[PDB]
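Worksheet: one structure, shown below.
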Ligand SMILES: *C(=O)[C@@H]([C@@H]1N=C(C(=O)O)[C@H](SC2CN(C3=NCCS3)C2)[C@@H]1C)[C@@H](C)O
């Protein structure tokens with residue numbers, strides 16, 4: 001749904017910031033949703049890492065050993081944005097520790113290592129289809145999926161699909177309990193999210209999120225919010241802008257969050 005008061009606010013925000021905004025909020029206490037351009041495709045940038053970590057957790061359900069599998073990667077695997085895999089190069093990392101790094105620091109090497117571990121880009125896509133997500137499409141490895149080009153469907157999803165996937169995985173029954181638990185623990189320990197949905201939410205709430213950004217000033221954040229009263233809320237905000245070199249607008253995401261949460 002889309003209340004008139006939210007519609008006007010978001011449209012003004014979107015226009016003023018010369019961008020296109022995609023929003024999907026699911027309030028799991030009452031089942032109410034707020035949707036704005038929610039069925040349109042947006043470049044997901046690093047937010048895909050949530051779906052990747054979930055796919056690894058799903059794989060772990062039939063391989064109870066997998067999270068503790070030690071990966072001794074090498075310098076050739078290291079990318080420009082890889083702070084945690086860089087830190088642990090000498091000793092390697094477990095798959096669990098790779099999932100934590102790719103969620104909580106957006107480590108690009110950790111992502112590509114986990115894609116390889118799952119069996120390739122199409123394995124992530126098949127995982128998404130297995131939970132009913134028909135829109136998620138991962139087409140490139142890191143760091144090349146950040147091009148975020150106009151009307152390019154590679155490396156995109158819709159806000160509605162991502163929000164429904166986050167709901168099923170974190171708050172519903174798409175994963176077994178230990179796994180779903182683990183996915184939330186990773187999200188709540190995110191270190192990249194202070195300026196985005198967290199900045200728009202009450203200080204007393206707990207936010208677990210995954211950020212992403214890329215060219216075209218693309219600024220994204222997907223979160224589960226734990227309020228002081230009531231059930232958890234899913235919020236996905238995607239935003240992209242006119243020119244390739246536009247600067248990201250993390251404040252826009254914080255403002256979207258203020259607008260949406262005001263309605264709750
Ligand atoms: C993911 O979007 C991107 C990864 N993940 C990132 C993220 O932290 O969510 C960074 S993007 C980097 C953070 N940036 C800025 N923050 C301060 C002002 S500019 C740009 C990292 C590169 C993938 C697509 O590579």
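Does the range 69-83 hold any residues that are more than 16 Å from the ligand (Cβ to nearest atom) and crowded, with 19+ Cβ neighbours inside 10 Å, and which are they? 73 - this is the single residue of the range 69-83 that is more than 16 Å from the ligand (Cβ to nearest atom) and crowded, with 19+ Cβ neighbours inside 10 Å. Scanning the range 240-264 for residues that are within 16 Å of the ligand (Cβ to nearest atom) and outside any loop (DSSP other than H, G, I, E, B) gives 240, 241, 250, 251, 252, 253, 254.
Residues checked against (1) in contact (Cβ under 8 Å) with a residue 12 or more places away in the chain; (2) in contact with a strand residue (DSSP E or B) (Cβ under 7 Å, 6 or more places away or on another chain); (3) assigned to a helix (DSSP H, G or I); (4) crowded, with 18+ Cβ neighbours inside 10 Å:
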site: 50; (1), (2), (3), (4): yes, yes, yes, yes
site: 56; (1), (2), (3), (4): yes, no, yes, yes
site: 67; (1), (2), (3), (4): yes, yes, yes, yes
site: 85; (1), (2), (3), (4): yes, yes, yes, yes
site: 99; (1), (2), (3), (4): yes, no, yes, yes
site: 102; (1), (2), (3), (4): yes, no, yes, yes
site: 116; (1), (2), (3), (4): no, no, yes, no
site: 122; (1), (2), (3), (4): no, no, yes, no
site: 150; (1), (2), (3), (4): yes, no, no, no
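Residue by residue, here is whether (1) touching a strand residue (DSSP E or B) at 6+ places or on another chain (Cβ under 6 Å); (2) in a strand (DSSP E or B); (3) buried (at least 21 other Cβ atoms within 10 Å of the Cβ) holds:
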{"residue": "24", "(1), (2), (3)": "yes, yes, yes"}
{"residue": "34", "(1), (2), (3)": "yes, yes, yes"}
{"residue": "62", "(1), (2), (3)": "no, no, no"}
{"residue": "111", "(1), (2), (3)": "no, no, yes"}
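Taking the criterion of being closer than 24 Å to residue 174 by Cβ, more than 16 Å from the ligand (Cβ to nearest atom), in a loop (DSSP other than H, G, I, E, B) and touching a strand residue (DSSP E or B) at 6+ places or on another chain (Cβ under 6 Å), the residues of the range 187-239 that qualify are 205, 232. Restricting 178, 174, 184 to residues that are more than 23 Å from residue 10 (Cα to Cα) and either crowded, with 21+ Cβ neighbours inside 10 Å or within 16 Å of the ligand (Cβ to nearest atom) (or both) narrows the list to 174.
On the basis of being more than 16 Å from the ligand (Cβ to nearest atom), over 19 Å from residue 175 (Cα atoms) and part of a strand (DSSP E or B), does residue 90 make the cut?
The answer is no for residue 90.
Values in this text are rule-based calculations from the coordinates and carry no lab data. A quick note on method: Cβ atoms are made from the backbone with ideal geometry, for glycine too, and the neighbour counts reach across all protein chains shown.
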